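The block underneath contains the structure these notes are about, expressed in C-alpha coordinates.
Note that ligands are numbered from 1 as they come in the structure, with each ligand's atoms numbered from 1 the same way. The chain is numbered in sequence order, starting from 1.
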Amino acid sequence: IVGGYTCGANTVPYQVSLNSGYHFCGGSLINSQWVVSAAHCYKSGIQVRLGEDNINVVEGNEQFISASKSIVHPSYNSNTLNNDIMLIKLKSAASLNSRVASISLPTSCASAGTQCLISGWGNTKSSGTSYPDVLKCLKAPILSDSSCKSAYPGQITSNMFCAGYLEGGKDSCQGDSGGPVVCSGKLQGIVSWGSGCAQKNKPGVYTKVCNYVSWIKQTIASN
Ligand SMILES: [Ca+2]
Ligand SMILES: [Ca+2]
(Lines give C-alpha, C1' and ligand atoms only; values in the text may rest on other atoms or scores of the structure.)
(Ligands and ions follow the chains in the order given, each with its own letter.)
Protein backbone atom coordinates (compact mmCIF):
# COMPACT_ATOMS: atom_id res chain seq x y z
CA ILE A 1 0.00 0.00 0.00
CA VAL A 2 1.52 3.28 -1.18
CA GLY A 3 0.23 6.52 0.32
CA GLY A 4 -1.92 4.57 2.77
CA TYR A 5 -1.83 4.47 6.55
CA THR A 6 -1.11 1.97 9.30
CA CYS A 7 -4.49 0.29 9.76
CA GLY A 8 -3.91 -0.49 13.41
CA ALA A 9 -3.59 -4.04 14.69
CA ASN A 10 -6.47 -6.31 13.64
CA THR A 11 -8.69 -3.46 12.42
CA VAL A 12 -9.07 -5.33 9.11
CA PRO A 13 -10.08 -8.71 10.58
CA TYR A 14 -10.75 -10.35 7.20
CA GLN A 15 -7.30 -9.36 5.93
CA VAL A 16 -5.28 -12.48 5.17
CA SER A 17 -1.54 -12.85 4.72
CA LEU A 18 -0.90 -15.66 2.28
CA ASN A 19 2.42 -17.04 3.52
CA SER A 20 4.66 -19.53 1.69
CA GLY A 21 7.67 -19.09 3.94
CA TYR A 22 7.06 -15.34 3.56
CA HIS A 23 4.11 -13.07 3.02
CA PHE A 24 3.65 -13.05 -0.74
CA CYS A 25 0.02 -11.99 -1.17
CA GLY A 26 -3.04 -10.79 0.65
CA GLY A 27 -6.40 -12.49 0.92
CA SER A 28 -9.85 -11.95 2.35
CA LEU A 29 -11.43 -14.36 4.80
CA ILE A 30 -14.99 -14.88 3.54
CA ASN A 31 -16.01 -17.67 5.93
CA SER A 32 -14.34 -19.84 8.57
CA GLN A 33 -12.73 -22.07 5.92
CA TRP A 34 -12.37 -19.96 2.77
CA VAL A 35 -10.05 -17.16 1.65
CA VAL A 36 -10.48 -15.33 -1.63
CA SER A 37 -7.37 -13.90 -3.24
CA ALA A 38 -6.04 -12.96 -6.65
CA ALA A 39 -5.58 -15.97 -8.90
CA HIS A 40 -2.14 -14.60 -9.78
CA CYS A 41 -1.33 -15.10 -6.09
CA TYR A 42 -1.83 -18.82 -6.58
CA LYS A 43 0.94 -21.06 -5.27
CA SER A 44 1.29 -24.49 -3.77
CA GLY A 45 2.06 -24.82 -0.07
CA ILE A 46 0.12 -21.71 0.95
CA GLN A 47 -0.27 -21.10 4.66
CA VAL A 48 -3.13 -18.70 5.36
CA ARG A 49 -2.15 -16.26 8.12
CA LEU A 50 -5.14 -14.74 9.92
CA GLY A 51 -5.30 -12.06 12.58
CA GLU A 52 -2.06 -10.64 11.23
CA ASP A 53 -0.95 -7.12 11.94
CA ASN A 54 2.84 -7.21 11.96
CA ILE A 55 3.50 -10.19 9.68
CA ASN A 56 7.05 -10.45 11.07
CA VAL A 57 6.31 -10.85 14.81
CA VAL A 58 3.78 -13.14 16.48
CA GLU A 59 1.46 -10.83 18.41
CA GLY A 60 -1.01 -13.35 19.87
CA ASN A 61 -3.99 -12.89 17.54
CA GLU A 62 -2.54 -14.89 14.65
CA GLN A 63 -4.16 -18.00 13.23
CA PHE A 64 -1.84 -19.91 10.91
CA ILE A 65 -3.87 -22.35 8.81
CA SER A 66 -2.34 -23.98 5.75
CA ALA A 67 -4.36 -24.09 2.55
CA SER A 68 -6.17 -27.41 2.12
CA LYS A 69 -7.00 -26.56 -1.48
CA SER A 70 -6.71 -23.67 -3.91
CA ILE A 71 -9.25 -23.06 -6.68
CA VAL A 72 -8.05 -20.55 -9.26
CA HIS A 73 -11.05 -19.21 -11.14
CA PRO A 74 -11.87 -21.50 -14.09
CA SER A 75 -11.59 -18.64 -16.59
CA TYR A 76 -8.54 -17.01 -14.99
CA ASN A 77 -6.27 -15.63 -17.71
CA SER A 78 -2.84 -14.92 -16.24
CA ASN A 79 -1.93 -12.76 -19.26
CA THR A 80 -4.83 -10.29 -19.12
CA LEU A 81 -5.52 -10.98 -15.41
CA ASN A 82 -9.16 -11.46 -16.37
CA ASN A 83 -10.94 -13.40 -13.62
CA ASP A 84 -7.98 -12.72 -11.34
CA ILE A 85 -9.66 -14.45 -8.40
CA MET A 86 -8.89 -17.65 -6.54
CA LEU A 87 -10.58 -19.51 -3.71
CA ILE A 88 -8.39 -20.91 -0.94
CA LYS A 89 -9.85 -23.44 1.47
CA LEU A 90 -8.25 -23.64 4.89
CA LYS A 91 -7.21 -27.01 6.27
CA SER A 92 -9.38 -26.19 9.29
CA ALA A 93 -11.98 -23.55 10.04
CA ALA A 94 -10.64 -20.24 11.28
CA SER A 95 -11.60 -19.40 14.85
CA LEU A 96 -13.69 -16.32 14.13
CA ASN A 97 -13.46 -13.49 16.66
CA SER A 98 -13.33 -9.69 16.73
CA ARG A 99 -9.95 -9.78 14.92
CA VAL A 100 -10.27 -12.83 12.68
CA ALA A 101 -13.60 -12.13 11.01
CA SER A 102 -14.94 -13.05 7.61
CA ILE A 103 -15.83 -10.36 5.09
CA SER A 104 -19.26 -10.46 3.51
CA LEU A 105 -19.67 -11.12 -0.19
CA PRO A 106 -21.27 -8.25 -2.13
CA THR A 107 -24.92 -8.64 -2.98
CA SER A 108 -24.54 -5.74 -5.40
CA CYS A 109 -21.61 -4.32 -7.24
CA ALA A 110 -20.23 -1.15 -5.72
CA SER A 111 -20.45 1.91 -7.92
CA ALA A 112 -17.83 4.43 -8.90
CA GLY A 113 -17.30 6.98 -6.13
CA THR A 114 -17.95 4.43 -3.38
CA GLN A 115 -15.07 4.77 -0.93
CA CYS A 116 -13.33 1.46 -0.34
CA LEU A 117 -10.79 0.22 2.19
CA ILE A 118 -7.82 -1.43 0.50
CA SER A 119 -5.31 -3.12 2.77
CA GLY A 120 -2.15 -5.16 2.49
CA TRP A 121 1.46 -5.63 3.48
CA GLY A 122 2.58 -4.59 0.01
CA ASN A 123 5.31 -2.16 -0.97
CA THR A 124 4.64 1.28 0.52
CA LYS A 125 6.88 3.07 -1.99
CA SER A 126 5.82 4.01 -5.51
CA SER A 127 9.50 4.20 -6.49
CA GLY A 128 11.90 1.89 -4.72
CA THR A 129 10.83 -0.83 -2.34
CA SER A 130 9.82 -0.62 1.32
CA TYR A 131 7.70 -3.41 2.73
CA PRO A 132 5.91 -2.61 5.97
CA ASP A 133 5.63 -5.33 8.52
CA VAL A 134 2.26 -4.10 9.81
CA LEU A 135 -0.96 -3.88 7.80
CA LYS A 136 -1.31 -0.75 5.68
CA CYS A 137 -4.75 0.54 4.72
CA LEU A 138 -5.88 2.85 1.94
CA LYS A 139 -9.26 4.53 1.68
CA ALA A 140 -9.79 4.93 -2.04
CA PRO A 141 -12.86 5.54 -4.20
CA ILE A 142 -13.95 3.15 -6.89
CA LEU A 143 -13.23 4.96 -10.12
CA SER A 144 -15.62 5.04 -13.04
CA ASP A 145 -15.51 2.30 -15.64
CA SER A 146 -14.73 4.94 -18.26
CA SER A 147 -11.88 6.34 -16.15
CA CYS A 148 -10.61 2.80 -15.54
CA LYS A 149 -10.81 2.00 -19.25
CA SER A 150 -9.19 5.32 -20.18
CA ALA A 151 -6.42 4.62 -17.65
CA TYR A 152 -5.83 1.10 -19.03
CA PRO A 153 -7.21 1.11 -22.58
CA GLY A 154 -8.02 -2.34 -23.92
CA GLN A 155 -7.07 -3.94 -20.59
CA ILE A 156 -10.06 -3.45 -18.28
CA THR A 157 -12.60 -6.25 -18.53
CA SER A 158 -16.07 -6.19 -17.00
CA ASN A 159 -14.52 -8.31 -14.22
CA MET A 160 -12.17 -5.50 -13.17
CA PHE A 161 -12.60 -2.11 -11.62
CA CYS A 162 -10.15 0.64 -10.81
CA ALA A 163 -9.91 2.16 -7.36
CA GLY A 164 -7.56 4.86 -6.14
CA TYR A 165 -6.43 8.18 -7.53
CA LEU A 166 -5.61 9.30 -11.06
CA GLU A 167 -3.06 11.76 -9.68
CA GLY A 168 -1.40 8.71 -8.12
CA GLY A 169 0.50 8.75 -4.85
CA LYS A 170 -2.01 6.42 -3.17
CA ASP A 171 -2.42 2.86 -4.40
CA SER A 172 -2.20 -0.80 -3.61
CA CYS A 173 1.19 -2.12 -4.67
CA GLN A 174 3.26 -5.26 -5.10
CA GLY A 175 2.62 -7.56 -2.16
CA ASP A 176 -0.91 -6.20 -1.74
CA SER A 177 -2.07 -8.62 -4.45
CA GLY A 178 -4.99 -10.80 -3.46
CA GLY A 179 -5.79 -8.32 -0.71
CA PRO A 180 -9.28 -7.06 0.01
CA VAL A 181 -11.09 -4.07 -1.37
CA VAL A 182 -13.94 -3.57 1.08
CA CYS A 183 -16.71 -1.05 0.42
CA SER A 184 -19.71 -0.74 2.75
CA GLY A 185 -18.39 -3.69 4.75
CA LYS A 186 -18.50 -5.92 1.66
CA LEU A 187 -15.60 -7.41 -0.28
CA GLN A 188 -16.03 -5.59 -3.57
CA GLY A 189 -12.54 -6.02 -4.98
CA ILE A 190 -9.35 -8.04 -4.90
CA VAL A 191 -6.01 -6.29 -5.34
CA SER A 192 -5.23 -7.58 -8.84
CA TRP A 193 -2.85 -5.40 -10.84
CA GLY A 194 -1.73 -1.94 -11.89
CA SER A 195 0.97 -0.31 -14.00
CA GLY A 196 3.44 0.17 -11.19
CA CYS A 197 2.23 1.64 -7.91
CA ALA A 198 0.66 5.04 -7.21
CA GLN A 199 1.63 6.42 -10.62
CA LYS A 200 -0.39 9.26 -12.07
CA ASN A 201 -3.24 7.99 -14.27
CA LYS A 202 -2.44 4.37 -13.33
CA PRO A 203 -4.87 3.45 -10.54
CA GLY A 204 -4.96 0.00 -9.04
CA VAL A 205 -7.00 -2.53 -10.99
CA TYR A 206 -9.08 -4.83 -8.81
CA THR A 207 -10.97 -8.04 -9.43
CA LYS A 208 -14.67 -7.17 -9.49
CA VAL A 209 -15.79 -9.59 -6.78
CA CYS A 210 -19.44 -8.82 -7.46
CA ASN A 211 -19.13 -10.91 -10.65
CA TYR A 212 -17.81 -13.98 -8.79
CA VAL A 213 -20.23 -14.24 -5.86
CA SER A 214 -22.10 -16.98 -7.71
CA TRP A 215 -18.88 -18.81 -8.60
CA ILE A 216 -17.54 -18.26 -5.08
CA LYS A 217 -20.78 -19.45 -3.48
CA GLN A 218 -21.18 -22.51 -5.73
CA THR A 219 -17.51 -23.33 -5.20
CA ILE A 220 -17.85 -23.00 -1.42
CA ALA A 221 -21.02 -25.09 -1.67
CA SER A 222 -19.20 -28.13 -3.09
CA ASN A 223 -15.63 -27.83 -1.79
CA1 LIG B 1 1.92 -11.16 13.44
CA1 LIG C 1 2.71 -9.00 -6.61
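- Atoms OE1 of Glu59 and OE1 of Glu52, as seen from the Ca ion (ligand 1), are separated by an angle of 110°, to the nearest 10°.
- Screening residues 160-217 for ring pair (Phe, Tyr, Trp, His ring centres under 6.0 Å) gives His73-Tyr212, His73-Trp215, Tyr152-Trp193, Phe161-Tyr206 as the qualifying pairs, with residues at least two apart or on separate chains.
- Within the structure, the ring pair (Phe, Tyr, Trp, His ring centres under 6.0 Å) test picks out no pair touching residues 90-120 (sequence neighbours left out).
- A cation-pi contact, defined as under 6.0 Å to the ring centre and within 45° of the axis, links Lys43 to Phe24.
- At least one N/O/S atom of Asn54, whether from backbone or side chain, sits less than 3.0 Å from the Ca ion (ligand 1).
- Side chain of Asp133 to main chain of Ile55: no donor-acceptor pair is present (N/O by atom type, distance under 3.5 Å, no hydrogens or angles).
- Contact annotation: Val57 places an N, O or S atom under 3.0 Å from the Ca ion (ligand 1).
- Residue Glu62 counts as close to the Ca ion (ligand 1), with an N, O or S atom under 3.0 Å.
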